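The entry's author numbering applies: residue 1 is where the sequence shown begins, and numbers increase by one. Just so you know, even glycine gets a beta-carbon here, dropped at the ideal spot from N, CA and C. Have a look at the structure below before the remarks.
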Amino acid sequence: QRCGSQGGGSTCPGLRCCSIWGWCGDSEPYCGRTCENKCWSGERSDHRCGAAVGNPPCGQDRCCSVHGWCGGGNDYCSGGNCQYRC
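Shown next as structure tokens:
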């Protein structure tokens, strides 16, 4: 869906990346160098995520677990352990 400065100012549903062209997605064109918000480069240095810290993004191939930390692999990305960017 649309998002960001070109798309009305909304955040993407699912906390996906908003590209500089105002569309939501999860690949490099959306989350990398041509990302406007909720980008891979925005992960907190302590890796926390979830509502308590303003739903920040996680980095590349990392997911926000239901416990509120960014990480890679199953404990973070699969089935019932992941809350966003899965």
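- One thing to note: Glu36 has its Cβ no nearer than 8 Å to the Cβ of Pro56.
- Rounded to the nearest angstrom, the Cβ distance from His47 to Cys17 is 17 Å, too far for a contact under 8 Å.
- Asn37: member of the beta strand (DSSP E) spanning 35–37, first to last residue.
- Listed as beta-bridge partners of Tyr76 by DSSP are no residues whatsoever.
- The three-state secondary structure of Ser41, taken from DSSP, is helix.
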